[PDB]
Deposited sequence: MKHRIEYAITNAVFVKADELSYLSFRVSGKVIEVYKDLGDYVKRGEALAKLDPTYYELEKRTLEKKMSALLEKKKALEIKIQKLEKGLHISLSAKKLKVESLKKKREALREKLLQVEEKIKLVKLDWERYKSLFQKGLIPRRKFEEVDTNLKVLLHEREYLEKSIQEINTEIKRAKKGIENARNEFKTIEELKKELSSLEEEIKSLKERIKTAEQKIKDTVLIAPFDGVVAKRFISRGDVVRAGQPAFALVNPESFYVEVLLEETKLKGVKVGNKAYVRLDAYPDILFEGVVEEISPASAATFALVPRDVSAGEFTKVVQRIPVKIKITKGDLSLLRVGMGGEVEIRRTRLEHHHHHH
């Protein structure tokens, strides 16, 4: 027909790089949104699994979650009720030490004044004694001093027994303070449990987060723009994680493969123009160059596409092809 053009009807649309899609979890397919031949946009849902199980699993965890928030606050009350069972309780024993210590400092000063007087009257006593021995004073004057000294002396150790008695009671109130140091130590023992509870919560929020992933993974969405080259699954099939559900072809992957009789290969060569008419698309002329030639006896020639709507091609399409001789 034309010696400028090798013409052939042995043409196959093929795909170099396709990708297999899978669910990241296992389950029962319940819906198929896309089929063999569909063009799909990155993000589209292709198919969906029954999620009830993964949703139960999540909510089984949300039960146990609120059952650990009904303990966290249960003994956040308990530990803040023992924390005020010692604050108003210690501030009271503190004032009855700051009240005994002032009541004591009142005595220790009246005791000092009395000890002042006793110092003087002791001297008078010594003197008046010596003067009575020598006949230089009446006895009336010396015993007068003597019984004054007796008064001061037993109004003294009245003050000082009234001191060692207000000092043992103080020491007792001060031991009672040490008991509350064992109180807060048992509170901190109760507190080594609160942080081990919100540590069981920290890891539960994580198990939840992971369950919500499994639930989200029940919808198979498309990782890139492409056309569905194969569909391996049907409604009601049980699939496994990572098991192929579709094959997706990157439209840039498409090429035409031509099986050329060796005879009509005369002037054909890598780089040469080529022209493809697929039966599926009468009103479109795909266009390309000869990418490579492999070493009734036909030779496979690979054609790279350079003009025409790639999103329209399907693996397996036939038609007619003209290659330019040189």
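Unmodelled regions of the deposited chain sequence (numbering from residue 1, in sequence order): 1-2, 298-318, 350-358.
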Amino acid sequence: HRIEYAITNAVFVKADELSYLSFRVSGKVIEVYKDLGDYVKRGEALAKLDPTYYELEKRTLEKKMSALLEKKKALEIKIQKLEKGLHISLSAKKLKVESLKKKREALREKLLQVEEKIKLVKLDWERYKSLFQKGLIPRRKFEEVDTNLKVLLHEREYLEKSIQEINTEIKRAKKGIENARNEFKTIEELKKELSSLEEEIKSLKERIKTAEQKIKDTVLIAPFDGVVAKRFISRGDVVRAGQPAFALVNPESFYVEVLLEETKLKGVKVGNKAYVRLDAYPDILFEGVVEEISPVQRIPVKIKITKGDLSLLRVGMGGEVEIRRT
From here on, numbers count along this sequence of modelled residues.
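When the C-alpha B-factors of 120-128 and 141-149 are averaged, 141-149 comes out higher. Higher mean CA B-factor, judged across 60-68 and 46-54 from the recorded values: 60-68. Out of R207, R240, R231, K174, it is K174 whose C-alpha atom has the highest B-factor in the PDB entry. Ranking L248, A74, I221, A211 by Cα temperature factor from the entry places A74 first. Annotation for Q133: CA B-factor lies in the middle third of the chain's modelled residues. Annotation for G271: CA B-factor lies in the middle third of the chain's modelled residues. In the PDB entry, a CA B factor belonging to the middle third of its chain's modelled residues is recorded for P282. Sorting the modelled residues of the chain by their CA temperature factor places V227 in the lowest third. Remark: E83 belongs to the highest third of its chain, ranked by C-alpha B-factor as recorded.
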